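Results of the structural survey
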Amino acid sequence: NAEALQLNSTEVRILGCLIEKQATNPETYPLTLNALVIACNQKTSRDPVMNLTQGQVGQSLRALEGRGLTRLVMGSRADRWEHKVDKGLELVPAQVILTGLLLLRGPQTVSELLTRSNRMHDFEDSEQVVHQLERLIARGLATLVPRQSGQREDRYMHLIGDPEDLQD
């Protein structure tokens, strides 16, 4: 019934940032366009580092809005934007955080996800993270990435972007 989103690298970055900043500084959220491009081009908490301009962010924001995944919040001071990933993909906040982490940075291990979600959602332990990821997988929104020699820890990745990024 429900097909794949195949969001581009910009749309992926945007949603990540909306989720991140909603959790990490609510006082700044919904994000203005400029706050959003700053969040997109950040050196830290980003893989990879981007350099998207205002117009790229603006059109991906309108493109997303059309898909029901962003919502324009108009106001007297300036337009601010919010994500609609929870309502849109029917996800509990824990799943929205994890998805956010995976969008921002790609394939991550459970312990990385636990550490990075620390000031965003409070997973009491790595069992709760797995609980939630298993559901994302059952949903068709994340995936366990097969490991091989180099690392002896599972990695997880989201299924919301270009599926050819996951293809060798």
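First things first, this report covers the structure right here in the doc.

Reading the values: rules and limits
Residues numbered from 1 in each chain as written, not as in the entry; some residues may be left out. Heavy atoms only, no water. Helix = DSSP H or I, 4+ residues; strand = E, 2+ residues; numbered from the N terminus. Buried < 20%, exposed > 50% of the residue type's maximum accessible area, 1.4 Å probe, protein only. Expected span 1.5 Å × (residues − 1). Axes fitted to C-alpha atoms, helices over the stretch in contact; angles between N-to-C directions. Parallel < 35°, antiparallel > 145°, perpendicular 65-115°, else oblique. Left-handed = near helix turned anticlockwise from the far one by under 90°. Contact = heavy atoms within 4.5 Å.

What to know about unusual backbone geometry
Negative phi characterises most residues that are not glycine, and trans characterises most peptide bonds. The step from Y29 to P30 runs through a cis peptide bond, and the omega angle for that step is 5°. Within the secondary structure layout, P30 lies in the loop between α1 (9–24) and β1 (31–32). The omega torsion of the bond from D47 to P48 falls at 5°, within 30 degrees of zero and hence cis. Here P48 lies in the loop between α2 (33–40) and α3 (54–66). Unlike most non-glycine residues, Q6 shows phi in positive territory, near 45°. Positive phi is not limited to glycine here, since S45 has a value of about 60°. A residue is classified by how much of its surface remains accessible, and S45, at 32% relative accessible area, is partly exposed.

Examining helix α5 (residues 93–105)
End to end, α5 covers 18 Å across 13 residues, agreeing with the expected 18 Å (1.5 Å per residue, within 8%). Of all the 13 residues making up α5, 11 are buried; the element is thus mostly covered by neighbouring parts of the structure. Within α5, the full set of buried residues consists of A94, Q95, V96, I97, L98, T99, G100, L101, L102, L103 and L104. Once α5 ends, the next one or two residues include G106, with phi positive near 75°.

Remarks on the packing of α1 against α5
Running from amino to carboxyl end, α1 crosses α5 at an angle of 130°, the nearest separation of the two axes being 8 Å. In terms of their interaxial angle, α1 and α5 are classed as oblique. Taken as a pair, α1 and α5 cross one another with a handedness that is left-handed. Counting all contacts with α1, which are made through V12, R13, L15, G16, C17, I19, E20 and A23, the residues of α5 involved are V96, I97, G100, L103 and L104.

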